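Student: Fold the following and give me the result.
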Amino acid sequence: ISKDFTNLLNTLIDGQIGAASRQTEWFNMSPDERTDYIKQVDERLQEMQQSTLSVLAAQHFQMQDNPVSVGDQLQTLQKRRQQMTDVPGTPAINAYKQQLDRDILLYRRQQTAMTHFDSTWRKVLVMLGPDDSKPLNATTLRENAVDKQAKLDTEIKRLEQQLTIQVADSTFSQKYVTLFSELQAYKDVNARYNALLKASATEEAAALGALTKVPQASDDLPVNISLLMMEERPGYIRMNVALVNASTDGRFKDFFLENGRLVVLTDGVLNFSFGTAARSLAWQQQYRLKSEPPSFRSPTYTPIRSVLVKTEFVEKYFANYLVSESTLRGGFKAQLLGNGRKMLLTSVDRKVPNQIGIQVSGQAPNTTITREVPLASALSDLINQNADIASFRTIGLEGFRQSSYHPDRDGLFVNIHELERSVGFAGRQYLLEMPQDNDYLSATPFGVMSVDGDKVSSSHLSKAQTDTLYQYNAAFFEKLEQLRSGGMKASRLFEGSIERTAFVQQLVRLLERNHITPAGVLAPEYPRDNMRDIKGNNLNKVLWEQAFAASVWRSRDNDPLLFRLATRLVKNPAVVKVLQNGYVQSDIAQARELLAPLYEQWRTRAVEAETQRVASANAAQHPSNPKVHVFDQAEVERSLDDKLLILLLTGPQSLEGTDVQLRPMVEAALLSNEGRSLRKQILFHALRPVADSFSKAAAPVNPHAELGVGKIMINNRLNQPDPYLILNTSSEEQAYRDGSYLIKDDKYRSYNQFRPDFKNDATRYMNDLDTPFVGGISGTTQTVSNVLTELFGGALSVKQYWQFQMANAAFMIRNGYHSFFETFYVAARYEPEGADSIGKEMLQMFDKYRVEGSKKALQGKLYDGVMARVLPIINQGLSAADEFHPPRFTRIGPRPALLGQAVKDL
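Tutor: Numbering: from 1, shown residues only. See below for the structure:
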C-alpha cells in the first residue's frame, strides 16, 4: 500500500536490472506487468509471514518445557496457548494463536464426543444388564432380548428423530455432539447385542468380550465419531473427488455440474475422498504428530471437485470402507442399491482411510440380456439426491485457468506456477536466511540446508540456532511490516542510511533465494523475446526447444532405427548395470504398471523361488545357519526388474512359453504411444553404460579452432544446487521430521545441481551465442557418439546418423539434461566424414553467428540455420506429405508446423 515501499521496490528493480549481465532472472518489464509483480511480491511476503515465520515462532517459543503428553493433547495445547497469551501481537504470532485455537476447538469437540460416547455405552450396558442380584452374563442378556431389543429400537428411533430436528442448528453444539454420540453408542451396542444373540456357543464369549470391551483406552475413535469430526457442518460431510485433468473432452475421469444437477462424467472414479486436512504438513510436523501417508497426496495434483453430502449416505455404504483400523477388506466390496443396482467399492489405498474408489453398476437399461453394467447416470442421480446443490465448488479452478489455462506443455517447468502444478509439488515451502555464519545461508524452520558438490542435506536446529534464526528474521520482518504502514518515518530507512542499504541488500537476496523474481511469477500469455526463464535463459528459445523435443519424441519416424539399436544392444552383459541407476527406477515402475497382468504373472512365478531357496538351505549338509532359508525380497525384485527390462529392450517377440497366450495383449500394449515412448526412454538410459563400457578414447573427426583443437571443454559445470527448487519438489517427509536427512536424488536434481562456470572459455562462447544453458557441453553425447560404429557394428549413413542424433537430442532436451546446442555442437564435431557431411558448414555457421551475437540478439536465427541444413537430409527419402517438420520459431511463442505429419489429420 505505502508509496515508500513501492518506490523502494522500483529502486531495487531498476538497480538489479542495471547490474545485470546476460543470463539473469531479472528483465525489463511492461509498465503493467510491474504492478502484477509488485502485487505478487506483497502477497508472497504475507504468505511467508503467515506460513513459515509463524512455524519458526512455534519453535522459538519453547524455551520452557510446558507440560507435554500424548494423551493430554487438549491440555498441552491449552497451556501452550496460556504460555503465550503474554506474547506481543505480531502476524506470525496471531496466525499461530489462531491455528492453536482452532486445533483446541477440534480436540475439545472430539474429547467431549468420546466422553459422552463412553458414558452412553456404560449407561446402555447397565440398561441391558440384569439387576445387581445377578452378574452380567450372556444368559441374562438373552433373557432380556425380547423386551430390550425393542427398547433399543425405540431409543434409536427417538434419538434419530431428535438429532434430525437438531440438524436445524446452525453450528456444532453441545446438544448436537451429545445426541450424535448417544446415537452412535446406542447403534453400536445394539449391533453387538444382536450379534451376541446370534452368536453360537463358540462365538458367545467373544461377543460378550466385544460388549464388555468399551473403547476406554481411546486408542482409536468410533468410526462414526471420526466421521463426526470430519463434518464441515452439523449433519453434513464434505465429499470430494480428484481429477486426473479437467475433462473437457472426456479423456479423463471427471465430476461436474451440468444443468444444476451434478454429473459424473464416467461410471466410476478411483479418486474420491472425504473431509479435509485440519492443518498443513508444516504444522503437523510442528506438533510432531504422524503425518498422513503421501499415497493420499501423491496420486494427483490438478483441481479437485467437491460438494457437501448428507452424512447418513456416507455412513451407510462408505463407513463400511472408511475405517482407519485394519478391519479385513479385500480388493472390492459390492453394495446393493435399493433400485437393484450394485455399487462397487474399491480398496484403492491399503493404508489411508479417507480416499475411496467407487463404482455404480446394474442391469443395463433397455437391453436384450440382463447384463449388469456400470451406470454413471445412476450415480449422478443418487448423488444429486444425497448432495446439497449449494456450495458445489472446484478447488483452484480459476487458479488453473489463470496460470496453466490448459494442460500446457510436454516438458519441464519454466516458472513456479508450472512447478506448483507439476507432479513434483506437495506444498509451498518458503526458505529464510541464517545470516550469522561468515556468509549467508538458507534454513528451514526445522533445519539449516547443508550443501555439497555431491550431496544436499539439512542439519536440524539446536535451540541456540533457533533463537538466532527467529530473532534475526523477526527483526527483519518487523522492519518490513513497519515500512508497509509507518513508512520511512517509522522504519528510519532514510535514503542515506547504511541501515537502508543493508536492508535492501538483504531483501534482494531474499527475493533471489525464493524464486519470487519476475521470471518466476509473471507467466505471461505470449512470451516477448525479451523475457528470460527462471534460470535466465532466453524464454522463447526454451519454449521452442521444448516444443521441438516434444514433436520429435511423438513422431513415429526414427523408431525402426532405435528399436534395431535396442535389439542389438540388449545382448551386452553391461545392460544389467542400467537397472541399478537411480533415475531408471523412476520409469520402470511405469512399465510395471502398464504390464500389470505380466507383472503379476511374473511375480507369481518369482515367489516360487523362495521354496527352492528354503529347500536348498535344508538340503545343505547339517545346516549351521538358515543359509538362504528366507524369502529374499531383493533377489526376486531384482530378477523381476531385470525380466521387465529385457522385455522392454527386445520386442514382444521375446515372449515365450505360456505367456505367448498373453502376447497379443502385450503387443497391443507396447505399440501405444506411452509404450513406444517408455521403450525408447529406457533405451536411451540404457545407452550410456554400454557406451562407457567400450572405454574408447575421445577422437572428434572435425577440428574446431575457436574452442581448442582436438578437445571439447565438456561438462563445463559449476555445482551450485538450488535449495528452493530442491525443497519445492517432493522429498520424503523424513526431511520434515526435525531430524537430519539426506535429500532424494530426483530426476530434476540433474536439472538443478548445476550453474554455468562463467570463467570457462566454453561458457564465454555459449554466452556469446546466448543459447540456453543446462549442464554444459554434453560429454555424455561425446562418449556415446564416439562409439556408434561399434554399437551399430558398422558405419552409419549420414541419414541414419542424423536420425539417431536427433532422437538422442530430443531425449536430452525432454529430461532437462541439456540444451539443443549442447548436443548438436558435439554432433557437428562428430558427424562422420562423407560426401553429404555438413558439420563443416555448421561449425562455420556457429562462428558466423557468434561474431554477431556478441553485438545483437539472434532471435532464433541459429535454430533455423541448423534446421535448414538437417531437415533435407532427414526427409531425403520421404514424400512431401509425410516429411517431418519441426515447429517454427517466431517472435510470438512457438507456433505449430504447416507441413507433413504435423498437419496430416492433426
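
Student: Quick check: which helices or strands does the longest strand seen in the chain pack against?
Tutor: Assignment by DSSP state E gives strand 355-363 as the longest strand of the chain. Strand 355-363 is packed against strand 268-274, strand 342-346, strand 372-374, helix 376-386, with contacts defined by 3 or more C-beta pairs under 8 Å, 6 or more residues apart in numbering; DSSP states H and E. Every C-beta, even on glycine, is put in place using the N, C-alpha and C of the backbone.

Student: Within the sheet, what are the partner strands of it, with directions?
Tutor: strand 268-274 (antiparallel), strand 342-346 (antiparallel), strand 372-374 (antiparallel) (DSSP bridges).

Student: and residue 478, which of those is closest to it?
Tutor: strand 268-274 (40.1 Å; C-beta to C-beta).

Student: ok, residues contacting the closest one?
Tutor: 230, 237-244, 253-255, 296, 299-300, 314, 318, 322, 344, 346, 348, 354-361, 374, 376, 379 (C-beta atoms under 8 Å, 6 or more residues apart in numbering).

Student: Hmm, residue 822 is touching residue 782, no?
Tutor: No - applying C-beta atoms under 8 Å, one finds residue 822 not in contact with residue 782, separated by 10.7 Å.

Student: Who has more neighbours out of the two?
Tutor: The residue with more neighbours, out of residue 822 and residue 782, is residue 822; 27 against 22, by other C-beta atoms under 10 Å.

Student: Not counting sequence-adjacent ones, nearest residue to that one?
Tutor: residue 778 (4.9 Å; C-beta to C-beta, 6 or more residues apart in numbering).

Student: Near the one you found, how many residues? Count them for me, please.
Tutor: With other C-beta under 10 Å as criterion, residue 778 counts 28.

Student: Repeat that for the one 10 residues further on.
Tutor: By the criterion of other C-beta under 10 Å, residue 788 has 21 neighbours.

Student: ok, back up a step: in a markdown table, list the strands paired with strand 355-363 along with distance to residue 95.
Tutor: Converted to a markdown table, the strands paired with strand 355-363 look like this (distance: least, C-beta to C-beta, whole Å):
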| stretch | distance to residue 95 |
| --- | --- |
| strand 268-274 | 26 |
| strand 342-346 | 39 |
| strand 372-374 | 46 |
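
Student: Count residues in the vicinity of residue 85, would you?
Tutor: 7.

Student: Relative to residue 97, how far out is it?
Tutor: Going from residue 85 to residue 97 by C-beta to C-beta, to the nearest Å gives 8 Å.

Student: give me the number of residues near residue 458?
Tutor: Residue 458: 25 neighbours (other C-beta under 10 Å).

Student: give me the element it is part of.
Tutor: Following DSSP states H and E, one finds residue 458 within strand 456-460.

Student: Could I get the buried residue list for that strand?
Tutor: 456, 458 (16 or more other C-beta atoms under 10 Å).

Student: try stretch 776-788
Tutor: For stretch 776-788, by 16+ other C-beta under 10 Å, it's 776-788.

Student: Equivalent analysis for stretch 359-376, please.
Tutor: Within stretch 359-376, the residues that count as buried by 16+ other C-beta under 10 Å are 359-362, 374-376.

Student: And stretch 796-804, by the same measure?
Tutor: 796, 798, 800-804.

Student: now for the helix of greatest length in the chain, which elements pack on it?
Tutor: If you go by DSSP state H, the chain has its longest helix at helix 91-128. When contacts are defined as 3+ C-beta pairs under 8 Å, 6+ apart, helix 91-128 packs onto helix 54-60, helix 73-82, helix 145-166, helix 174-198, helix 223-230, helix 463-485.

Student: Distance to residue 827 and mean neighbour count for these - can I get that in TSV?
Tutor: Formatted as TSV, those follow (distance: least, C-beta to C-beta, whole Å; neighbours: other C-beta atoms under 10 Å):
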stretch	distance to residue 827	mean neighbour count
helix 54-60	50	21
helix 73-82	63	16
helix 145-166	74	14
helix 174-198	71	19
helix 223-230	58	20
helix 463-485	49	17
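
Student: Which one, of those helices, ends up nearest to residue 568?
Tutor: Closest of the helices and strands packed on helix 91-128 to residue 568 is helix 54-60, at 55.8 Å (criterion: C-beta to C-beta).

Student: ok, now which ones touch residue 833?
Tutor: residue 701.

Student: which SSE is it in?
Tutor: Short version: residue 833 belongs to no helix or strand, going by DSSP H and E.

Student: coming back round to it: wait, which of the buried residues of stretch 796-804 is closest to residue 700?
Tutor: Proximity of those to residue 700 was ranked by C-beta to C-beta; the top entry is residue 801 with 14.3 Å.

Student: if we can go back for a sec, so for residue 180, which of the strands paired with strand 355-363 sits nearest?
Tutor: strand 268-274 (17.0 Å).

Student: Buried ones in the closest one, by neighbour count?
Tutor: Applying 16+ other C-beta under 10 Å to strand 268-274 flags 268-274 as buried.

Student: cool, stretch 704-718 as well?
Tutor: Going by neighbour count (16+ other C-beta under 10 Å), the buried part of stretch 704-718 is 704, 707, 712-717.

Student: How about stretch 299-313?
Tutor: Across stretch 299-313, burial judged by 16+ other C-beta under 10 Å covers 300-311, 313.

Student: With respect to residue 63, which of the residues you listed is nearest?
Tutor: Closest to residue 63, out of all of these and judged by C-beta to C-beta, is residue 301, at 39.2 Å.

Student: which stretches of the stretch 201-350 of the chain form helices?
Tutor: 204-212, 223-230, 281-286, 294-297, 311-317 (DSSP state H, counting those that start in this stretch).

Student: so which strand or helix has residue 725?
Tutor: Residue 725 belongs to helix 723-727 when assigned by DSSP H and E.

Student: tell me what that helix is packed against?
Tutor: strand 447-451, helix 747-752.

Student: could I get it in PDB with only the CA atoms?
Tutor: Provided in PDB are the C-alpha atoms of helix 723-727 (Å, rounded to 0.1, in the frame of the first residue of the first chain):
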ATOM      1  CA  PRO A 723      17.800 -25.300  -2.300                       C
ATOM      2  CA  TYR A 724      14.400 -23.800  -3.100                       C
ATOM      3  CA  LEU A 725      13.900 -25.900  -6.300                       C
ATOM      4  CA  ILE A 726      15.000 -29.000  -4.300                       C
ATOM      5  CA  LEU A 727      12.700 -28.500  -1.400                       C
END
